[PDB]
Amino acid sequence: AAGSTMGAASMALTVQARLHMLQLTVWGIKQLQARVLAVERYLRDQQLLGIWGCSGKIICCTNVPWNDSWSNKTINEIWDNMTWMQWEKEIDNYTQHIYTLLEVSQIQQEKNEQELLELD
Amino acid sequence: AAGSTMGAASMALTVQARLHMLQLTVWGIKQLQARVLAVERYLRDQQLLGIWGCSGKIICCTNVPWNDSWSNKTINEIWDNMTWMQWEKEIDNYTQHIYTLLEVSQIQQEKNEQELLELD
Amino acid sequence: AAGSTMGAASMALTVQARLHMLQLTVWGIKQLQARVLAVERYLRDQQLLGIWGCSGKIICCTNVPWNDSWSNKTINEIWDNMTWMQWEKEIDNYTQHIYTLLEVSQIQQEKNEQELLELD
Amino acid sequence: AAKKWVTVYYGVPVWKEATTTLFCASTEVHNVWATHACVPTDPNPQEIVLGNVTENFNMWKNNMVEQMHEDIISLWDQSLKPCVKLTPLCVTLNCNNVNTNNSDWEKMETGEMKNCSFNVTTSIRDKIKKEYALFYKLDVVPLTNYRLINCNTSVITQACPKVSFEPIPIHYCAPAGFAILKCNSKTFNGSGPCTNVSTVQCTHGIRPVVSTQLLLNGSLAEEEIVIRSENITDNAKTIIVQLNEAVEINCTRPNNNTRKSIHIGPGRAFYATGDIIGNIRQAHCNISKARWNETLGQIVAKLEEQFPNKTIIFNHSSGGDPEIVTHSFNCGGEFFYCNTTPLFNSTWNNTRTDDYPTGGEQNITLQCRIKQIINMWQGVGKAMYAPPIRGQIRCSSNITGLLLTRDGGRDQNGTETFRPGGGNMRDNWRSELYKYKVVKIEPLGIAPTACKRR
Amino acid sequence: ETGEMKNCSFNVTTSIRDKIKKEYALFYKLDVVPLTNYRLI
Ligand SMILES: *[C@@H]1O[C@H](CO)[C@@H](O[C@@H]2O[C@H](CO)[C@@H](O[C@@H]3O[C@H](CO)[C@@H](O)[C@H](O[C@H]4O[C@H](CO)[C@@H](O)[C@H](O)[C@@H]4O)[C@@H]3O)[C@H](O)[C@H]2NC(C)=O)[C@H](O)[C@H]1NC(C)=O
Ligand SMILES: *[C@@H]1O[C@H](CO)[C@@H](O[C@@H]2O[C@H](CO)[C@@H](O[C@@H]3O[C@H](CO)[C@@H](O)[C@H](O)[C@@H]3O)[C@H](O)[C@H]2NC(C)=O)[C@H](O)[C@H]1NC(C)=O
Ligand SMILES: *[C@@H]1O[C@H](CO)[C@@H](O[C@@H]2O[C@H](CO)[C@@H](O)[C@H](O)[C@H]2NC(C)=O)[C@H](O)[C@H]1NC(C)=O
Ligand SMILES: *[C@@H]1O[C@H](CO)[C@@H](O[C@@H]2O[C@H](CO)[C@@H](O)[C@H](O)[C@H]2NC(C)=O)[C@H](O)[C@H]1NC(C)=O
Ligand SMILES: *[C@@H]1O[C@H](CO)[C@@H](O[C@@H]2O[C@H](CO)[C@@H](O)[C@H](O)[C@H]2NC(C)=O)[C@H](O)[C@H]1NC(C)=O
Ligand SMILES: *[C@@H]1O[C@H](CO)[C@@H](O[C@@H]2O[C@H](CO)[C@@H](O)[C@H](O)[C@H]2NC(C)=O)[C@H](O)[C@H]1NC(C)=O
Ligand SMILES: *[C@@H]1O[C@H](CO)[C@@H](O[C@@H]2O[C@H](CO)[C@@H](O)[C@H](O)[C@H]2NC(C)=O)[C@H](O)[C@H]1NC(C)=O
Ligand SMILES: *[C@@H]1O[C@H](CO)[C@@H](O[C@@H]2O[C@H](CO)[C@@H](O)[C@H](O)[C@H]2NC(C)=O)[C@H](O)[C@H]1NC(C)=O
Ligand SMILES: *[C@@H]1O[C@H](CO)[C@@H](O[C@@H]2O[C@H](CO)[C@@H](O)[C@H](O)[C@H]2NC(C)=O)[C@H](O)[C@H]1NC(C)=O
Ligand SMILES: *[C@@H]1O[C@H](CO)[C@@H](O[C@@H]2O[C@H](CO)[C@@H](O)[C@H](O)[C@H]2NC(C)=O)[C@H](O)[C@H]1NC(C)=O
Ligand SMILES: *[C@@H]1O[C@H](CO)[C@@H](O[C@@H]2O[C@H](CO)[C@@H](O)[C@H](O)[C@H]2NC(C)=O)[C@H](O)[C@H]1NC(C)=O
Ligand SMILES: *[C@@H]1O[C@H](CO)[C@@H](O[C@@H]2O[C@H](CO)[C@@H](O)[C@H](O)[C@H]2NC(C)=O)[C@H](O)[C@H]1NC(C)=O
Ligand SMILES: *[C@@H]1O[C@H](CO)[C@@H](O[C@@H]2O[C@H](CO)[C@@H](O)[C@H](O)[C@H]2NC(C)=O)[C@H](O)[C@H]1NC(C)=O
Ligand SMILES: *[C@@H]1O[C@H](CO)[C@@H](O)[C@H](O)[C@H]1NC(C)=O
Ligand SMILES: *[C@@H]1O[C@H](CO)[C@@H](O)[C@H](O)[C@H]1NC(C)=O
Ligand SMILES: *[C@@H]1O[C@H](CO)[C@@H](O)[C@H](O)[C@H]1NC(C)=O
Ligand SMILES: *[C@@H]1O[C@H](CO)[C@@H](O)[C@H](O)[C@H]1NC(C)=O
Ligand SMILES: *[C@@H]1O[C@H](CO)[C@@H](O)[C@H](O)[C@H]1NC(C)=O
Ligand SMILES: *[C@@H]1O[C@H](CO)[C@@H](O)[C@H](O)[C@H]1NC(C)=O
Ligand SMILES: *[C@@H]1O[C@H](CO)[C@@H](O)[C@H](O)[C@H]1NC(C)=O
Ligand SMILES: *[C@@H]1O[C@H](CO)[C@@H](O)[C@H](O)[C@H]1NC(C)=O
Ligand SMILES: *[C@@H]1O[C@H](CO)[C@@H](O)[C@H](O)[C@H]1NC(C)=O
Ligand SMILES: *[C@@H]1O[C@H](CO)[C@@H](O)[C@H](O)[C@H]1NC(C)=O
Ligand SMILES: *[C@@H]1O[C@H](CO)[C@@H](O)[C@H](O)[C@H]1NC(C)=O
Ligand SMILES: *[C@@H]1O[C@H](CO)[C@@H](O)[C@H](O)[C@H]1NC(C)=O
Ligand SMILES: *[C@@H]1O[C@H](CO)[C@@H](O)[C@H](O)[C@H]1NC(C)=O
Ligand SMILES: *[C@@H]1O[C@H](CO)[C@@H](O)[C@H](O)[C@H]1NC(C)=O
Ligand SMILES: *[C@@H]1O[C@H](CO)[C@@H](O)[C@H](O)[C@H]1NC(C)=O
Ligand SMILES: *[C@@H]1O[C@H](CO)[C@@H](O)[C@H](O)[C@H]1NC(C)=O
Ligand SMILES: *[C@@H]1O[C@H](CO)[C@@H](O)[C@H](O)[C@H]1NC(C)=O
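Undergrad: Just to check I follow, could you spell out the site of ligand 7 for this structure?
TA: Residues and elements named next belong to chain D. Every residue near ligand 7 is listed here: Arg207, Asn217 and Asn398. The contact in question runs from an oxygen atom of ligand 7 to an N or O atom on the side chain of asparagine 398, over 2.4 Å. Protein contact buries 23% of the 580 Å² of open area that ligand 7 shows by itself.

Undergrad: Got a minute to help me understand the site of ligand 26 in this structure?
TA: Neighbouring ligand 26 are the residues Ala8 of chain A together with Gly51 and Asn52 of chain D. More than one chain reaches ligand 26: the nearby residues come from chains A and D. Contact between ligand 26 and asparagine 52 of chain D: an oxygen atom at 2.4 Å from a side-chain N or O atom of the residue. A total of 340 Å² of accessible area belongs to ligand 26 in isolation, and the protein chains cover 27% of it.

Undergrad: Help me understand helix α3 (residues 26-52) of chain B, please; the structure alone is not making it clear to me.
TA: Helical geometry: 3.6 residues make up each α-helical turn, so side chains three or four residues apart lie on a common side. Its 27 residues give α3 of chain B an end-to-end C-alpha distance of 41 Å, which sits within 8% of 39 Å, the value for a rise of 1.5 Å per residue. Every buried residue of α3 of chain B is listed here: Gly28, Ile29, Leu32, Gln33, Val36, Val39, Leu43 and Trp52 of chain B. Contact partners of the buried residues in α3 of chain B: α3 (26-52) of chain A, α6 (95-103) of chain B together with α3 (26-52) of chain C. One or two steps after α3 of chain B, the chain reaches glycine 53 of chain B, where phi turns positive at roughly 80 degrees.

Undergrad: When you look at the packing of α3 of chain C against helix α6 (residues 95-103) of chain C in this model, what are you seeing that I'm missing?
TA: Relative placement of two packed helices is described by the angle separating their axes and the distance separating the axes. All names here are of chain C. The geometry of α3 relative to α6 is characterised by a closest axis approach of 8 Å and an angle of 50 degrees between their N-to-C directions. Relative to α6, the element α3 lies oblique. The segment α3 lies against α6, with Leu48, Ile51 and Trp52 engaging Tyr99, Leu102 and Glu103. Partitioning the contact of α3 with α6 into residue classes produces 5 nonpolar, no polar and 1 charged.

Undergrad: Please explain the packing of aromatic side chains as it appears in this structure.
TA: Two descriptors summarise a pair of aromatic rings, namely the distance from one centre to the other and the angle between the planes of the rings. For the structure shown, the criterion picks out 27 aromatic pairs over all chains. One aromatic cluster in this structure is built from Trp292, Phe307, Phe314, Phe344, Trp348, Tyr356 and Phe418 of chain D. Against the face of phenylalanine 178 of chain D rests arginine 41 of chain A, its NZ or CZ located 5.1 Å from the ring centre. One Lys or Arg, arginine 228 of chain D, reaches over the ring of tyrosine 434 of chain D and ends 4.0 Å from the middle of that ring.

Conventions we followed
Residues numbered from 1 in each chain as written, not as in the entry; some residues may be left out. Chains lettered and ligands numbered in written order. Part of a larger assembly, values for the part shown. Heavy atoms only, no water. Near = heavy atom within 4 Å. Polar contact = N/O pair within 3.5 Å; in protein donor to acceptor, adjacent residues only side chain to side chain. Areas by Shrake-Rupley, 256 points an atom, 1.4 Å probe, with all protein chains shown as cover. Helix = DSSP H or I, 4+ residues; strand = E, 2+ residues; numbered from the N terminus. Expected span 1.5 Å × (residues − 1). Buried < 20%, exposed > 50% of the residue type's maximum accessible area, 1.4 Å probe, protein only. Contact = heavy atoms within 4.5 Å. Axes fitted to C-alpha atoms, helices over the stretch in contact; angles between N-to-C directions. Parallel < 35°, antiparallel > 145°, perpendicular 65-115°, else oblique. Nonpolar A, V, L, I, M, F, W, Y, C, P; charged D, E, K, R; others polar. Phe/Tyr/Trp six-rings, centres within 6.5 Å; stacked < 30°, edge-to-face > 60°. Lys NZ or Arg CZ within 6 Å of the ring centre and 35° of its normal.

Here is the structure:
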């Protein structure tokens, strides 16, 4: 119910997953831009997931605590009883803080500590 | 012998792995299209493997049974004693059925069940 | 200290991580090339890491021994007491040898042996 | 009992408003609007219905309309680029009239179709030949000596005589990573909140129809006539009336007009009107009187609610250049300009139409003129010369809506006056794209969890 | 100024191809050369 809990309105689904010569014509140039852009957007998300160690995940679990200054609501107030769009707005100002925390130490230290453990 | 079992004729190998200013000239436009297309084809395969949880794999093992309606031949009739091209033709009509099964539940449930197990 | 050990001068950091209509104008064509190229370079590195089984790694550990013909210096002579640029020059002639070894057997055999182990 | 942890979800159903470049999707006629460069559409373009969501749409602030406007202009141009520029025809024209007196009422010509001779350099640069062509009155101006209208100050390019202008539906498609939301509410009216929202990768096809006063071959209202405006009170805004039923309009140019080919340069052939075989007649359009009467009865009821008690007055255009103050459409390359005075003929009480006397008349006639030198978008793009297309031209179309404006709205007598006005062609496309919004998808999101990574 | 800014007349085809009009313009000395008849440099 992971995709059903965060509001009934989760129905945007994955239209983004659903998604001749290159003639530089009035419509052709626009078609080129559309293809180049689709690639760029895909990679920006994939690279960020790669950085956090979430490259192969749909849902990834991390070692960074929730903090609670971003939002002090609980699991049944945030995860349940809420729609994803509302949620992203509620913590929009912490996007960079959180992304920074998801990489810093969380991937960087985790990997350096493993490097040391793997020497044994 | 994984690359030798499925017919002697496995010698296409990986030519696809082997693979100045952008002037929009008669040859230049074609060169651009070739580069854009190579990227698009690469990503279509990589994204699908990512979806199935096979992103880092050469050969990935799954939790979805063979079904046997697609083909009722056995391992030594399909895996051995057969060439890959013949095989892809033999089960061509099940491509979407199989791809759907490789994602649905197989990645989706596997990850949601792990989310629950990781709460302990 | 993995990013500090290999010379004090490790400060190039990751500027590469930091990184409207497509009109084909004098500046516009150059902008297109810049975007296409950024994608191509990103993918060339990501694909190679994928091949070696290092797709989700910052630092990946392998099963291929150092050999010592490439360089017979020790860990505290190479890893420490050296700058990364000097190091890449010191073993530049072994780049293809090493890359070949990182894939051949190391990923290929490791995965085929796992295929056999996973049959139990 | 547990700590909350930060977890990342990918495939999160959220979005933000965004404007991007759209691409199009869809016989060797080189159609200019729907070129071979269009990708084919999806035979099964499954629509995704959203759940309890709301969204804010505004057809008057819709960048899809603006993007389409630029695309239509770019497609018009470019397609006309590799063609004959007709500069050599800008010479003195020695013109006279023709004899139209060969009982064809409502079809008679009166002093138009001038017979002009001219001195044009032939394909060989040191040789000049006298040539003849017939011109529509609206294509020439006097200096009797005449010149082609708009020769001074502009370049009139002849369309390549193989290229079709027939509108073919064009679908707009979002790039992957983007989606188009549409409002399906019966109560939408082109603005504000919408609760019935669904999304597509591509829009329905839109015919790139160009017209004035009457909107042709667009979509019909699902059930009832809808009057849309940015502002009802502001008389300066265009009021778009979308019909729920089409009204047929049948247009004829009943002449055997045979063309002539004139060489004015090295591979540069001018296609002249040549001459007429048989009795020359003016073009005309017919509509069904009964349908017009029903249509207007329903429109007045709707305008009366917006403007209660007051007399409804329909009137003709305010007057001006018969390029923009008349009805306009294109059938096979022939450009028609028609007098719509008879359609916006009168005024009435309540919601009861009147002053259209009962009689044997079944077909309301509109007198039309033909122009070969035209200016789509007036000053944007280039003037174009339409080749003649060999005679007996007939076409018909669906009136799907009207563009109305208010005539000042300063009448102190308890009346309101509407005219078949309107602005830039953006109004036509706005009337079809009114239900769509472009958004970007942001699939990566953040939420608290109770899990922790090993 | 000393002998520059020449007043030149010329016969130029108008927007209508069979009509020629006499026009006037002033030119900087450095923009013209003699052949008094001059041509644009
Ligand atoms: C609103 O929609 C209607 C249709 O629903 C549309 O009317 C159609 O217009 C097209 C314009 O091309 C007509 O097609 C022509 O039909 C005649 C019939 O004999 C043909 O001769 C024409 O041939 C031309 O193109 C050929 C291409 O090779 C040339 O070889 C030839 O020499 C001609 O140039 C052409 O097929 C179509 O028949 C009508 N439909 C009806 C039912 O009359 C109308 O125009 C749309 N409204 C607006 C405002 O666009
Ligand atoms: C467009 O509208 C005009 C105007 O009504 C139509 O012209 C009309 O056509 C009818 C039918 O032919 C004429 O009525 C009768 O025709 C018979 C034919 O023999 C004649 O014998 C009768 O005496 C009578 O004339 C009608 O008079 C005529 N109107 C005019 C002004 O002449 C036209 O046909 C319509 N068609 C199209 C394609 O738009
Ligand atoms: C326009 O004028 C031209 C010439 O003034 C007409 O063409 C003439 O038609 C007669 C008919 O017998 C011929 O005998 C002449 O030799 C033609 N002249 C030329 C130069 O070809 C043309 O028909 C006129 N068009 C109209 C509608 O009156
Ligand atoms: C086309 O050229 C002819 C001459 O080749 C022009 O006819 C002459 O016009 C002059 C004007 O004064 C008369 O004096 C001559 O007597 C005319 N010659 C003839 C044979 O009639 C003709 O007017 C030019 N046509 C146009 C439209 O410029
Ligand atoms: C609310 O939205 C749904 C989906 O947009 C509408 O469902 C349509 O219902 C008509 C009725 O015949 C069908 O023909 C359409 O095919 C349905 N749409 C789809 C995408 O299947 C529903 O009618 C809307 N409700 C209101 C009041 O407009
Ligand atoms: C088109 O729809 C909009 C949105 O419902 C109407 O605007 C509303 O008008 C009422 C009139 O009192 C206001 O109270 C609302 O606050 C307006 N809504 C918004 C979002 O501003 C608009 O009037 C409608 N057009 C017509 C012709 O009825
Ligand atoms: C103009 O309106 C008429 C009907 O008033 C349209 O004719 C219908 O077209 C559909 C297209 O599939 C047919 O299925 C119907 O059977 C037709 N109706 C009749 C009564 O035959 C006509 O297509 C409309 N033209 C345009 C351009 O939309
Ligand atoms: C719709 O247009 C009307 C007409 O301009 C606007 O109402 C006017 O608002 C100005 C504001 O200073 C007043 O001075 C005028 O007296 C108002 N006119 C009338 C007739 O009351 C109206 O505000 C516009 N609506 C929106 C939403 O902008
Ligand atoms: C425009 O032409 C169409 C046909 O070309 C006319 O439609 C016909 O109307 C008659 C009236 O009884 C029907 O019996 C026919 O079946 C209709 N034909 C088709 C194809 O539907 C239409 O009425 C004309 N409209 C005008 C205003 O003249
Ligand atoms: C339709 O528009 C015409 C044109 O404006 C109106 O006729 C004008 O009426 C005023 C009234 O004083 C006269 O001063 C003008 O001189 C008239 N114009 C012309 C050209 O005669 C006409 O009255 C309008 N229709 C209705 C019902 O009001
Ligand atoms: C449209 O047609 C009407 C007539 O159907 C033209 O108006 C007529 O102009 C003559 C000129 O003397 C008057 O005598 C008539 O009384 C006018 N009739 C009406 C109803 O006003 C009108 O000018 C034409 N308009 C265009 C744009 O061509
Ligand atoms: C616009 O109004 C005029 C009258 O003001 C209508 O003219 C009448 O049309 C009928 C149709 O056959 C004729 O029998 C009458 O003799 C006409 N009257 C006059 C004074 O000429 C005209 O038809 C109206 N337009 C429409 C579409 O009905
Ligand atoms: C009104 O217009 C319609 C359509 O133009 C006329 O219908 C014509 O009817 C005759 C009857 O034999 C047919 O032969 C024609 O082919 C029909 N026309 C078309 C275009 O198909 C109708 O007669 C007109 N009515 C009046 C009273 O004039
Ligand atoms: C969240 O992290 C910031 C980082 O400085 C810290 O200052 C803040 O106190 C933390 N919030 C809570 C509620 O612990
Ligand atoms: C979060 O802290 C704010 C501080 O004022 C408080 O008002 C709000 O009610 C708190 N929310 C929860 C869920 O405790
Ligand atoms: C959601 O939060 C609201 C806040 O008023 C509360 O009334 C409602 O009962 C909650 N719903 C659930 C399912 O807990
Ligand atoms: C901070 O987040 C809250 C969440 O509702 C939002 O309302 C507020 O506007 C945000 N502030 C900034 C500066 O983004
Ligand atoms: C294969 O899967 C389909 C899914 O409906 C099932 O109906 C079919 O019976 C399965 N085939 C076999 C041989 O079990
Ligand atoms: C598979 O089933 C079909 C059904 O007719 C049968 O003919 C075929 O021999 C079977 N193949 C095997 C390998 O059992
Ligand atoms: C492959 O299948 C054919 C079927 O006739 C059989 O004759 C042959 O012996 C098989 N080969 C092996 C290696 O089993
Ligand atoms: C189904 O698969 C068999 C395998 O040989 C193939 O021959 C047949 O043509 C396929 N049918 C369709 C509709 O693809
Ligand atoms: C390094 O690998 C090569 C591969 O042929 C081998 O010949 C060489 O002896 C190895 N070097 C050392 C020092 O073992
Ligand atoms: C590596 O081998 C070379 C061979 O001459 C030798 O000169 C060099 O000193 C050796 N380096 C180390 C670190 O032993
Ligand atoms: C680095 O190598 C040089 C070689 O001369 C040596 O003198 C120096 O002490 C070494 N530094 C460290 C930190 O071992
Ligand atoms: C081999 O590596 C050494 C390392 O210093 C370098 O100096 C030498 O030029 C390289 N030779 C070639 C052929 O690359
Ligand atoms: C809309 O909200 C109601 C509240 O009960 C819910 O039952 C319904 O399922 C929601 N809509 C969708 C599409 O789920
Ligand atoms: C073009 O020529 C016509 C001829 O009368 C003239 O009326 C018009 O004003 C001219 N255009 C300009 C901009 O002068
Ligand atoms: C038009 O003229 C051509 C000349 O051949 C003739 O064949 C055709 O039938 C004529 N059409 C009409 C309507 O008279
Ligand atoms: C409609 O007719 C009534 C008859 O009493 C009259 O009072 C009213 O003013 C008229 N309305 C219009 C719009 O002329
Ligand atoms: C228009 O429709 C109304 C509806 O009652 C009718 O009374 C009136 O006579 C009609 N007028 C014409 C001209 O058909």
